[PDB]
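Accompanying notes for the structure given below.
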Amino acid sequence: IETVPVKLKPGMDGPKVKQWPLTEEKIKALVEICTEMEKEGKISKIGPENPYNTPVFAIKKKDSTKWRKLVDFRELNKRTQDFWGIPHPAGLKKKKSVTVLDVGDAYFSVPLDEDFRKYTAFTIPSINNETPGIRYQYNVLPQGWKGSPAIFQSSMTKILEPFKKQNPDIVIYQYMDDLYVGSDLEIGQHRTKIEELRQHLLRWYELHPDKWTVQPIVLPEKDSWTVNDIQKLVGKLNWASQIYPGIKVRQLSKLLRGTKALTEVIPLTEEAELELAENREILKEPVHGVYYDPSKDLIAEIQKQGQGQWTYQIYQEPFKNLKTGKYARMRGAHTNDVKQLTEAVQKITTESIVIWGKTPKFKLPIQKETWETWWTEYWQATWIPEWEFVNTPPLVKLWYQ
Amino acid sequence: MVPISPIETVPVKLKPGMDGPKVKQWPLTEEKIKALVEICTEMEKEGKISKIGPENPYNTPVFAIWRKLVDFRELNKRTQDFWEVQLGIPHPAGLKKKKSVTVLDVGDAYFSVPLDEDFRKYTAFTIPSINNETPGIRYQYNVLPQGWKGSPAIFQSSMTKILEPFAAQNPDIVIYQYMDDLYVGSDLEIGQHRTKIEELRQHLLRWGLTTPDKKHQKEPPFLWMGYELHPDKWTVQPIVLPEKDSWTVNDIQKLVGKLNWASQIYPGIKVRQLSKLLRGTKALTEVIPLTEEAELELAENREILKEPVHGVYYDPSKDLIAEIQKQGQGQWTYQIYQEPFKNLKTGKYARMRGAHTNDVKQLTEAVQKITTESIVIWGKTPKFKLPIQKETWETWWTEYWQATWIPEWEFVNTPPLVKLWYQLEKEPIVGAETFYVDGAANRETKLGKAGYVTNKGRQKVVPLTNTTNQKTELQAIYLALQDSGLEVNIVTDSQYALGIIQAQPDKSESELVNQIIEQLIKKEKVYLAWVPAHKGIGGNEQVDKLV
Ligand SMILES: Cc1c(Oc2ccccc2OCCn2ccc(=O)[nH]c2=O)cc(Cl)c2ccc(C#N)cc12
Ligand SMILES: [Mg+2]
């Protein structure tokens, strides 16, 4: 009920960002939604004296036909001053199960600092530039802004205090408009406890982190090897030598001596088998000196494997993976690569939020124009990460398969 | 006297850390002075301006051309940024056909809207008196000054605020707002329409806004922003293409611009051979001759621009269809229509700047472009007709390493058809000869060697002058392709060459790459394997080309 003063970073003017074109139904959805919000004092129309603009579009969350409004607050977030810090709950990723809740509606109660409102300006665009776009600015705390949860930290604490004092074994984390709840209960007991917590939040996405882990480098086990087999093996081991110190491939390379046919079977020598075994033993161990640096950006790389299979790696320094995984989940995406990539980026970002409490910068195996054209059509998340586009095919593809 | 409704002013500030303009008034002739005195007298009588005391430090230069001209450039440099919604303009192909349409141009646009009082003191300017033997006459604005930075945005916002309730009360008519002009359209009867127009201009008159009293000064066809707007159709204003035996860079820029502008309704317009001459630009004076390709291109452009072509308006009840054709040399053309032979509009797409590429990628890009344009214009994505088989696209996106997508589309057979020219094997071929290839070059002498050894004993090493490592490594693969059967396995250690071939170009700027492609096309099965260099891998012979 009391507004806390909020400023920007020194030497930084408010965000001016081009609104991108929207389809007719999305525009109508936004018109209805923003009309309703205007009737509720959440937003207000503004004049031309406001130069600032932030992008906005429309989506549909999971199991809902209701159009939701999403604001791309990235530029404003990076231009908003740093808000100070609660140490990340490292026990959250160690819990058996974690449920994510949408506590966004709670932000619309708290008013926003009057002097800052001109920076949260957005525009519902028109088709064919026929009429000037409808301009709004936020009056209350906007969803998607990094300042909103930081301001609502005290309130949220006071609300979740009895539940925390009730179940100390339940880890509660907060990121943006989402509330992460980690526990070790049974799925039924889990869902009932979640109903309890949500009604506890009313009167005022099952995700199991244990089923996901890191992944090792495995080598084939064969009775008979071909020249091609051994060439691929030597390639993969040579690649892996950039990560593991003691990898050697000379005894295996010794087998390829001469010019043979790729399909010709080569019996392994005892030295070769020994070397391969030593390499296995080396690969079974974790990676030397791999640490997390909170001052460094997290980088995610994604490779398309085909048949709905995708691999990914989160790291900071090259060849120092903090996390690796393989998203192969198939829901309705069978005929669409971009949908798969979008859902994969979302899941990876979520995992990254649970583990480190911040989103990684992506390197997408897609052309900029394609992605830019289609990614909003499949995006159900409240936050948005940063990304870039790799135009050169990586050789390491089948080395992560 | 019936009171005109009050128009609330927009608060305006100067850029932070800046103060209002102080600029020395230019010396004027006595004639100019008299003229400006008369003009500013009638303006003061009209309430547009007001005399101010000596207190005001700020000043703006005024000129006479009689018509006055206040040069607000400095104030514009010192005035705050505003929200300009004028980015983009309505495209005629996006309009929905209406039985009755009216154009209203408001007279005294900026002079009808009041200015924020607290800012008026910054719009101060002085008229030099005769012989400068009396203090110059001081004035400040009370309304939006012509030439000011903030006038259009404020005027437009005011206009919208005024127009909103009438539009809310009249859903059966549609109003488009553009600068100093309003465009009203309806499917009502002509009498009812004229009536509602009278109602509208009355409603505007309530706030003190004047529209043409006579039969509205503009009747169809409407000439607007290079467009010709007719009742049942739209087109562009007639083309003017200069013909001179000596061409300059600027002339090429103008020509390209006009051709591009013409290409939105005239199908088949090409601008590559004329855009290639715009390399090494920024010199506006020059003489650039044209190739036979360019001359024939411009002649074909004169051939298409020979007879007029009309686009139609948009009907929401009918599907939106875009059809694409390949023109060659990275050029693509497309037509957007609903009824056959009746295009809503047309357009073209040119491939980006790259060393390698294939047809399918370019097609994808074209689809993306058309899609964005269509969302801008009609607020929806059209269905596509593409010169590519379903099977081809299937194979492509299933085997492509990048993620890729096209919206709803169907195969139209209108050659040239986009196809995949070659496909590499996923596994080694049984019974096929195995060519281990390698190439290396001396960094200093630019001398190198490229060649192969095979499992059957076939060998070759070729010496090369003026070459690099990458060139020799490509050359080796090329040699392997040349001297091998319809099915071949190829082993290389070059991540470069493998990278190039895995990108699957059907065309390249490097002749060697193109010849490799031409070799691949003739092949039945090709398996391309890779190994690390200098690992002592047998069959991989760096020593045979390092001599
Ligand atoms: C005249 C008119 C418009 O008209 C329309 C205004 C509102 C709604 C729908 C309109 O047009 C639907 C299509 N159409 C068009 C012309 C015609 O004669 N008949 C017709 O059906 C719409 C626009 Cl952008 C115009 C822009 C510039 C000028 C000028 N000068 C006039 C315009
Ligand atoms: Mg080599």
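Convention: chains lettered A, B, ... in structure tokens order; per-chain residue numbering from 1; ligands numbered from 1 as shown.
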inquiry  = Residues of chain A within 6 Å of chain B, counting only C-alpha atoms - could you list those as a list in words?
reply    =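 Matching residues, ligands excluded from the count: residues 21, 23, 24, 48, 49, 51, 127, 128, 129, 130, 131, 235, 253, 256, 257, 258, 259, 260, 261, 337, 365 and 366 of chain A.
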task = May I have the residues within 6 Å of ligand 1, computed using only C-alpha atoms and all ligand atoms, as a ChimeraX atom specification?
result = /B:90,95-99,101-103,174-176,183-185,220,222-224,229-231
Residues as selected, N, CA, C and O atoms, written as an mmCIF file, in the first residue's frame, can you do that?
data_model
loop_
_atom_site.group_PDB
_atom_site.id
_atom_site.type_symbol
_atom_site.label_atom_id
_atom_site.label_comp_id
_atom_site.auth_asym_id
_atom_site.auth_seq_id
_atom_site.Cartn_x
_atom_site.Cartn_y
_atom_site.Cartn_z
ATOM 1 N N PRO B 90 -0.218 2.966 -44.020
ATOM 2 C CA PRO B 90 -1.218 2.002 -44.499
ATOM 3 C C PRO B 90 -0.968 1.557 -45.934
ATOM 4 O O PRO B 90 -0.767 2.394 -46.813
ATOM 5 N N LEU B 95 -6.594 -2.570 -47.349
ATOM 6 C CA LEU B 95 -7.894 -1.938 -47.146
ATOM 7 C C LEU B 95 -9.050 -2.850 -47.550
ATOM 8 O O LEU B 95 -8.936 -3.629 -48.494
ATOM 9 N N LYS B 96 -10.159 -2.750 -46.822
ATOM 10 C CA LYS B 96 -11.352 -3.538 -47.121
ATOM 11 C C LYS B 96 -12.355 -2.696 -47.906
ATOM 12 O O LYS B 96 -12.685 -1.584 -47.499
ATOM 13 N N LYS B 97 -12.843 -3.237 -49.019
ATOM 14 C CA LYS B 97 -13.711 -2.493 -49.934
ATOM 15 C C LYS B 97 -14.957 -1.932 -49.248
ATOM 16 O O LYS B 97 -15.695 -2.660 -48.582
ATOM 17 N N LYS B 98 -15.182 -0.632 -49.418
ATOM 18 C CA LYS B 98 -16.340 0.031 -48.828
ATOM 19 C C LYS B 98 -17.195 0.709 -49.897
ATOM 20 O O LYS B 98 -16.672 1.280 -50.856
ATOM 21 N N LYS B 99 -18.512 0.640 -49.725
ATOM 22 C CA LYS B 99 -19.445 1.199 -50.698
ATOM 23 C C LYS B 99 -19.334 2.716 -50.791
ATOM 24 O O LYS B 99 -19.512 3.293 -51.863
ATOM 25 N N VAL B 101 -16.907 6.158 -49.369
ATOM 26 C CA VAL B 101 -15.688 6.622 -48.708
ATOM 27 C C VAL B 101 -15.516 8.143 -48.814
ATOM 28 O O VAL B 101 -15.776 8.735 -49.862
ATOM 29 N N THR B 102 -15.067 8.764 -47.725
ATOM 30 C CA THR B 102 -14.868 10.210 -47.661
ATOM 31 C C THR B 102 -13.497 10.578 -47.088
ATOM 32 O O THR B 102 -13.037 9.979 -46.114
ATOM 33 N N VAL B 103 -12.856 11.570 -47.700
ATOM 34 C CA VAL B 103 -11.579 12.088 -47.223
ATOM 35 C C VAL B 103 -11.742 13.486 -46.629
ATOM 36 O O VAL B 103 -12.286 14.380 -47.277
ATOM 37 N N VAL B 174 -15.961 2.911 -40.438
ATOM 38 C CA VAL B 174 -14.562 2.735 -40.078
ATOM 39 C C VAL B 174 -13.774 4.009 -40.362
ATOM 40 O O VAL B 174 -13.895 4.592 -41.438
ATOM 41 N N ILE B 175 -12.971 4.439 -39.397
ATOM 42 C CA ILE B 175 -12.193 5.662 -39.551
ATOM 43 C C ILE B 175 -10.697 5.404 -39.429
ATOM 44 O O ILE B 175 -10.234 4.830 -38.446
ATOM 45 N N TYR B 176 -9.949 5.835 -40.437
ATOM 46 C CA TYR B 176 -8.498 5.732 -40.422
ATOM 47 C C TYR B 176 -7.889 7.114 -40.234
ATOM 48 O O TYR B 176 -8.300 8.080 -40.875
ATOM 49 N N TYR B 183 -9.835 9.392 -42.965
ATOM 50 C CA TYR B 183 -10.467 8.622 -44.028
ATOM 51 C C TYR B 183 -11.619 7.792 -43.478
ATOM 52 O O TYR B 183 -11.405 6.860 -42.707
ATOM 53 N N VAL B 184 -12.842 8.127 -43.872
ATOM 54 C CA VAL B 184 -14.005 7.406 -43.365
ATOM 55 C C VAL B 184 -14.591 6.497 -44.437
ATOM 56 O O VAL B 184 -14.723 6.893 -45.587
ATOM 57 N N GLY B 185 -14.937 5.275 -44.055
ATOM 58 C CA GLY B 185 -15.477 4.318 -45.002
ATOM 59 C C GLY B 185 -16.640 3.546 -44.418
ATOM 60 O O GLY B 185 -16.687 3.298 -43.214
ATOM 61 N N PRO B 220 -12.369 10.491 -55.844
ATOM 62 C CA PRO B 220 -11.609 9.456 -56.561
ATOM 63 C C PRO B 220 -11.325 9.808 -58.022
ATOM 64 O O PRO B 220 -12.153 10.460 -58.661
ATOM 65 N N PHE B 222 -7.879 8.867 -55.789
ATOM 66 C CA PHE B 222 -7.051 9.578 -54.818
ATOM 67 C C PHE B 222 -5.564 9.361 -55.075
ATOM 68 O O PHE B 222 -5.112 8.229 -55.217
ATOM 69 N N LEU B 223 -4.805 10.450 -55.130
ATOM 70 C CA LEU B 223 -3.361 10.365 -55.314
ATOM 71 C C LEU B 223 -2.654 10.568 -53.979
ATOM 72 O O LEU B 223 -2.589 11.686 -53.466
ATOM 73 N N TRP B 224 -2.120 9.487 -53.420
ATOM 74 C CA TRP B 224 -1.601 9.538 -52.056
ATOM 75 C C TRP B 224 -0.355 8.679 -51.855
ATOM 76 O O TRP B 224 -0.403 7.457 -51.996
ATOM 77 N N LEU B 229 -5.485 5.404 -55.656
ATOM 78 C CA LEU B 229 -6.584 4.691 -55.025
ATOM 79 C C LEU B 229 -7.887 4.895 -55.794
ATOM 80 O O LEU B 229 -8.429 6.001 -55.843
ATOM 81 N N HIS B 230 -8.374 3.815 -56.397
ATOM 82 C CA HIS B 230 -9.636 3.817 -57.128
ATOM 83 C C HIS B 230 -10.704 3.106 -56.295
ATOM 84 O O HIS B 230 -10.371 2.423 -55.328
ATOM 85 N N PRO B 231 -11.989 3.283 -56.646
ATOM 86 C CA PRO B 231 -13.044 2.652 -55.842
ATOM 87 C C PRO B 231 -12.934 1.131 -55.716
ATOM 88 O O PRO B 231 -13.058 0.613 -54.608
#
How close does each residue of chain B get to ligand 2, giving the shortest atom pair and distance in Å to one decimal for every residue with an atom at most 12 Å away, counting only C-alpha atoms and all ligand atoms, sorted by chain and residue number, as JSON lines?
{"residue": "B:436", "atom": "CA", "partner": "ligand 2", "partner_atom_place_in_ligand_line": "1 (Mg)", "distance": 10.3}
{"residue": "B:437", "atom": "CA", "partner": "ligand 2", "partner_atom_place_in_ligand_line": "1 (Mg)", "distance": 7.8}
{"residue": "B:438", "atom": "CA", "partner": "ligand 2", "partner_atom_place_in_ligand_line": "1 (Mg)", "distance": 4.6}
{"residue": "B:439", "atom": "CA", "partner": "ligand 2", "partner_atom_place_in_ligand_line": "1 (Mg)", "distance": 5.0}
{"residue": "B:440", "atom": "CA", "partner": "ligand 2", "partner_atom_place_in_ligand_line": "1 (Mg)", "distance": 6.0}
{"residue": "B:441", "atom": "CA", "partner": "ligand 2", "partner_atom_place_in_ligand_line": "1 (Mg)", "distance": 9.5}
{"residue": "B:448", "atom": "CA", "partner": "ligand 2", "partner_atom_place_in_ligand_line": "1 (Mg)", "distance": 11.3}
{"residue": "B:449", "atom": "CA", "partner": "ligand 2", "partner_atom_place_in_ligand_line": "1 (Mg)", "distance": 10.2}
{"residue": "B:450", "atom": "CA", "partner": "ligand 2", "partner_atom_place_in_ligand_line": "1 (Mg)", "distance": 8.9}
{"residue": "B:451", "atom": "CA", "partner": "ligand 2", "partner_atom_place_in_ligand_line": "1 (Mg)", "distance": 10.0}
{"residue": "B:452", "atom": "CA", "partner": "ligand 2", "partner_atom_place_in_ligand_line": "1 (Mg)", "distance": 10.9}
{"residue": "B:468", "atom": "CA", "partner": "ligand 2", "partner_atom_place_in_ligand_line": "1 (Mg)", "distance": 11.3}
{"residue": "B:469", "atom": "CA", "partner": "ligand 2", "partner_atom_place_in_ligand_line": "1 (Mg)", "distance": 7.6}
{"residue": "B:470", "atom": "CA", "partner": "ligand 2", "partner_atom_place_in_ligand_line": "1 (Mg)", "distance": 8.4}
{"residue": "B:471", "atom": "CA", "partner": "ligand 2", "partner_atom_place_in_ligand_line": "1 (Mg)", "distance": 10.5}
{"residue": "B:472", "atom": "CA", "partner": "ligand 2", "partner_atom_place_in_ligand_line": "1 (Mg)", "distance": 8.2}
{"residue": "B:473", "atom": "CA", "partner": "ligand 2", "partner_atom_place_in_ligand_line": "1 (Mg)", "distance": 5.9}
{"residue": "B:474", "atom": "CA", "partner": "ligand 2", "partner_atom_place_in_ligand_line": "1 (Mg)", "distance": 9.5}
{"residue": "B:475", "atom": "CA", "partner": "ligand 2", "partner_atom_place_in_ligand_line": "1 (Mg)", "distance": 10.9}
{"residue": "B:476", "atom": "CA", "partner": "ligand 2", "partner_atom_place_in_ligand_line": "1 (Mg)", "distance": 9.0}
{"residue": "B:477", "atom": "CA", "partner": "ligand 2", "partner_atom_place_in_ligand_line": "1 (Mg)", "distance": 10.5}
{"residue": "B:491", "atom": "CA", "partner": "ligand 2", "partner_atom_place_in_ligand_line": "1 (Mg)", "distance": 10.3}
{"residue": "B:492", "atom": "CA", "partner": "ligand 2", "partner_atom_place_in_ligand_line": "1 (Mg)", "distance": 6.9}
{"residue": "B:493", "atom": "CA", "partner": "ligand 2", "partner_atom_place_in_ligand_line": "1 (Mg)", "distance": 5.1}
{"residue": "B:494", "atom": "CA", "partner": "ligand 2", "partner_atom_place_in_ligand_line": "1 (Mg)", "distance": 5.3}
{"residue": "B:495", "atom": "CA", "partner": "ligand 2", "partner_atom_place_in_ligand_line": "1 (Mg)", "distance": 8.9}
{"residue": "B:496", "atom": "CA", "partner": "ligand 2", "partner_atom_place_in_ligand_line": "1 (Mg)", "distance": 9.7}
{"residue": "B:497", "atom": "CA", "partner": "ligand 2", "partner_atom_place_in_ligand_line": "1 (Mg)", "distance": 9.8}
{"residue": "B:498", "atom": "CA", "partner": "ligand 2", "partner_atom_place_in_ligand_line": "1 (Mg)", "distance": 11.3}
{"residue": "B:530", "atom": "CA", "partner": "ligand 2", "partner_atom_place_in_ligand_line": "1 (Mg)", "distance": 10.5}
{"residue": "B:531", "atom": "CA", "partner": "ligand 2", "partner_atom_place_in_ligand_line": "1 (Mg)", "distance": 9.7}
{"residue": "B:532", "atom": "CA", "partner": "ligand 2", "partner_atom_place_in_ligand_line": "1 (Mg)", "distance": 9.0}
{"residue": "B:533", "atom": "CA", "partner": "ligand 2", "partner_atom_place_in_ligand_line": "1 (Mg)", "distance": 6.4}
{"residue": "B:534", "atom": "CA", "partner": "ligand 2", "partner_atom_place_in_ligand_line": "1 (Mg)", "distance": 8.6}
{"residue": "B:535", "atom": "CA", "partner": "ligand 2", "partner_atom_place_in_ligand_line": "1 (Mg)", "distance": 11.4}
{"residue": "B:537", "atom": "CA", "partner": "ligand 2", "partner_atom_place_in_ligand_line": "1 (Mg)", "distance": 11.9}
{"residue": "B:540", "atom": "CA", "partner": "ligand 2", "partner_atom_place_in_ligand_line": "1 (Mg)", "distance": 8.5}
{"residue": "B:541", "atom": "CA", "partner": "ligand 2", "partner_atom_place_in_ligand_line": "1 (Mg)", "distance": 8.4}
{"residue": "B:542", "atom": "CA", "partner": "ligand 2", "partner_atom_place_in_ligand_line": "1 (Mg)", "distance": 6.4}
{"residue": "B:543", "atom": "CA", "partner": "ligand 2", "partner_atom_place_in_ligand_line": "1 (Mg)", "distance": 10.1}
{"residue": "B:544", "atom": "CA", "partner": "ligand 2", "partner_atom_place_in_ligand_line": "1 (Mg)", "distance": 10.7}
{"residue": "B:545", "atom": "CA", "partner": "ligand 2", "partner_atom_place_in_ligand_line": "1 (Mg)", "distance": 8.8}
{"residue": "B:546", "atom": "CA", "partner": "ligand 2", "partner_atom_place_in_ligand_line": "1 (Mg)", "distance": 9.8}
Writer output for current selection, C-alpha atoms, as an mmCIF file, in the first residue's frame:
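For reference, again_24.cif as written:
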data_model
loop_
_atom_site.group_PDB
_atom_site.id
_atom_site.type_symbol
_atom_site.label_atom_id
_atom_site.label_comp_id
_atom_site.auth_asym_id
_atom_site.auth_seq_id
_atom_site.Cartn_x
_atom_site.Cartn_y
_atom_site.Cartn_z
ATOM 1 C CA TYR B 436 41.739 -41.236 -48.058
ATOM 2 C CA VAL B 437 42.366 -37.647 -49.147
ATOM 3 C CA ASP B 438 44.680 -34.884 -47.949
ATOM 4 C CA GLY B 439 46.044 -31.489 -48.941
ATOM 5 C CA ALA B 440 48.627 -29.065 -47.592
ATOM 6 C CA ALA B 441 50.185 -25.770 -48.650
ATOM 7 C CA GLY B 448 51.021 -26.990 -52.079
ATOM 8 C CA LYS B 449 49.969 -30.543 -52.844
ATOM 9 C CA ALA B 450 46.606 -32.303 -52.935
ATOM 10 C CA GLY B 451 45.772 -35.974 -53.386
ATOM 11 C CA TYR B 452 44.502 -39.374 -52.316
ATOM 12 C CA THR B 468 46.208 -22.279 -49.375
ATOM 13 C CA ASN B 469 45.592 -25.156 -46.955
ATOM 14 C CA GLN B 470 41.811 -24.960 -47.310
ATOM 15 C CA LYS B 471 42.070 -24.824 -51.096
ATOM 16 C CA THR B 472 44.292 -27.909 -51.201
ATOM 17 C CA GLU B 473 42.018 -29.789 -48.805
ATOM 18 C CA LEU B 474 39.021 -29.006 -51.037
ATOM 19 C CA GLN B 475 41.030 -29.901 -54.135
ATOM 20 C CA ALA B 476 41.878 -33.317 -52.686
ATOM 21 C CA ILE B 477 38.210 -34.179 -52.153
ATOM 22 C CA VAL B 491 38.017 -39.853 -45.614
ATOM 23 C CA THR B 492 39.271 -36.353 -44.811
ATOM 24 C CA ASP B 493 40.886 -34.579 -41.863
ATOM 25 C CA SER B 494 39.711 -31.128 -42.910
ATOM 26 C CA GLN B 495 37.029 -29.746 -40.606
ATOM 27 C CA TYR B 496 36.761 -26.865 -43.091
ATOM 28 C CA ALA B 497 35.747 -28.943 -46.119
ATOM 29 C CA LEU B 498 33.488 -31.148 -44.035
ATOM 30 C CA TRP B 530 36.259 -37.319 -40.851
ATOM 31 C CA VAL B 531 39.355 -38.082 -38.766
ATOM 32 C CA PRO B 532 41.723 -35.998 -36.606
ATOM 33 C CA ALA B 533 44.911 -34.920 -38.404
ATOM 34 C CA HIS B 534 48.465 -35.843 -37.349
ATOM 35 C CA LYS B 535 47.231 -38.574 -35.007
ATOM 36 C CA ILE B 537 45.930 -42.574 -38.418
ATOM 37 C CA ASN B 540 45.706 -40.614 -43.742
ATOM 38 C CA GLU B 541 48.898 -39.420 -45.385
ATOM 39 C CA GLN B 542 49.999 -35.902 -44.491
ATOM 40 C CA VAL B 543 53.513 -37.011 -45.454
ATOM 41 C CA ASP B 544 52.525 -37.610 -49.085
ATOM 42 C CA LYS B 545 51.526 -33.966 -49.596
ATOM 43 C CA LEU B 546 54.107 -32.389 -47.274
#
request  = Return as a ChimeraX atom specification the full set of residues in segment 43-280 of chain A whose backbone-based DSSP assignment is helix (DSSP H, G or I).
outcome  = /A:74-79,104-108,114-119,127-129,147-151,153-166,187-200,227-240,250-256,270-280
message = I'd like to know which of A:81, A:336, A:50, A:350 is closest to residue 377 of chain A, using only C-alpha atoms.
response =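 Closest to residue 377 of chain A, using only C-alpha atoms: A:336.
Pairwise distance (atom CA of residue 294 of chain A, atom CA of residue 356 of chain A) equals 8.4 Å.
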Using DSSP assignments from the backbone, pull out every residue in segment 18-79 of chain A that falls under strand (DSSP E or B) and give it to me as a PDB file with N, CA, C and O atoms, in the first residue's frame.
ATOM      1  N   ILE A  43      -3.502  -0.388 -15.201  1.00  0.00           N
ATOM      2  CA  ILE A  43      -2.780   0.399 -16.199  1.00  0.00           C
ATOM      3  C   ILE A  43      -3.568   1.647 -16.575  1.00  0.00           C
ATOM      4  O   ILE A  43      -4.760   1.748 -16.286  1.00  0.00           O
ATOM      5  N   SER A  44      -2.901   2.594 -17.226  1.00  0.00           N
ATOM      6  CA  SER A  44      -3.556   3.827 -17.657  1.00  0.00           C
ATOM      7  C   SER A  44      -3.037   4.294 -19.012  1.00  0.00           C
ATOM      8  O   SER A  44      -1.858   4.122 -19.325  1.00  0.00           O
ATOM      9  N   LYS A  45      -3.919   4.884 -19.813  1.00  0.00           N
ATOM     10  CA  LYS A  45      -3.523   5.422 -21.111  1.00  0.00           C
ATOM     11  C   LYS A  45      -2.589   6.608 -20.921  1.00  0.00           C
ATOM     12  O   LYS A  45      -2.687   7.332 -19.932  1.00  0.00           O
ATOM     13  N   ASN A  53       9.034   2.788 -24.875  1.00  0.00           N
ATOM     14  CA  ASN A  53       8.166   1.676 -25.245  1.00  0.00           C
ATOM     15  C   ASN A  53       8.805   0.312 -24.989  1.00  0.00           C
ATOM     16  O   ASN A  53      10.000   0.109 -25.220  1.00  0.00           O
ATOM     17  N   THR A  54       7.986  -0.622 -24.514  1.00  0.00           N
ATOM     18  CA  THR A  54       8.419  -1.989 -24.264  1.00  0.00           C
ATOM     19  C   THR A  54       7.496  -2.929 -25.036  1.00  0.00           C
ATOM     20  O   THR A  54       6.288  -2.705 -25.081  1.00  0.00           O
ATOM     21  N   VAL A  56       5.184  -6.170 -26.317  1.00  0.00           N
ATOM     22  CA  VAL A  56       4.125  -6.915 -25.654  1.00  0.00           C
ATOM     23  C   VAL A  56       3.454  -7.858 -26.647  1.00  0.00           C
ATOM     24  O   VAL A  56       3.292  -7.511 -27.817  1.00  0.00           O
ATOM     25  N   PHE A  57       3.096  -9.058 -26.199  1.00  0.00           N
ATOM     26  CA  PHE A  57       2.339  -9.976 -27.047  1.00  0.00           C
ATOM     27  C   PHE A  57       1.438 -10.894 -26.224  1.00  0.00           C
ATOM     28  O   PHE A  57       1.296 -10.716 -25.017  1.00  0.00           O
ATOM     29  N   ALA A  58       0.816 -11.862 -26.889  1.00  0.00           N
ATOM     30  CA  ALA A  58      -0.198 -12.694 -26.252  1.00  0.00           C
ATOM     31  C   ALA A  58       0.115 -14.177 -26.387  1.00  0.00           C
ATOM     32  O   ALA A  58       0.590 -14.626 -27.430  1.00  0.00           O
ATOM     33  N   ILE A  59      -0.154 -14.936 -25.327  1.00  0.00           N
ATOM     34  CA  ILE A  59       0.119 -16.371 -25.314  1.00  0.00           C
ATOM     35  C   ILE A  59      -1.034 -17.164 -24.716  1.00  0.00           C
ATOM     36  O   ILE A  59      -2.104 -16.621 -24.444  1.00  0.00           O
ATOM     37  N   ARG A  68      -3.291 -14.986 -22.382  1.00  0.00           N
ATOM     38  CA  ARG A  68      -2.537 -14.274 -21.363  1.00  0.00           C
ATOM     39  C   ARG A  68      -1.689 -13.194 -22.023  1.00  0.00           C
ATOM     40  O   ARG A  68      -1.267 -13.339 -23.170  1.00  0.00           O
ATOM     41  N   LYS A  69      -1.449 -12.111 -21.297  1.00  0.00           N
ATOM     42  CA  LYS A  69      -0.640 -11.013 -21.806  1.00  0.00           C
ATOM     43  C   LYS A  69       0.783 -11.107 -21.272  1.00  0.00           C
ATOM     44  O   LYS A  69       1.001 -11.268 -20.073  1.00  0.00           O
ATOM     45  N   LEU A  70       1.753 -11.012 -22.175  1.00  0.00           N
ATOM     46  CA  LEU A  70       3.154 -11.120 -21.803  1.00  0.00           C
ATOM     47  C   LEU A  70       3.934  -9.896 -22.261  1.00  0.00           C
ATOM     48  O   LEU A  70       3.830  -9.476 -23.414  1.00  0.00           O
ATOM     49  N   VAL A  71       4.715  -9.323 -21.351  1.00  0.00           N
ATOM     50  CA  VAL A  71       5.516  -8.150 -21.673  1.00  0.00           C
ATOM     51  C   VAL A  71       7.005  -8.483 -21.654  1.00  0.00           C
ATOM     52  O   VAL A  71       7.525  -9.009 -20.670  1.00  0.00           O
TER      53      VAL A  71
END
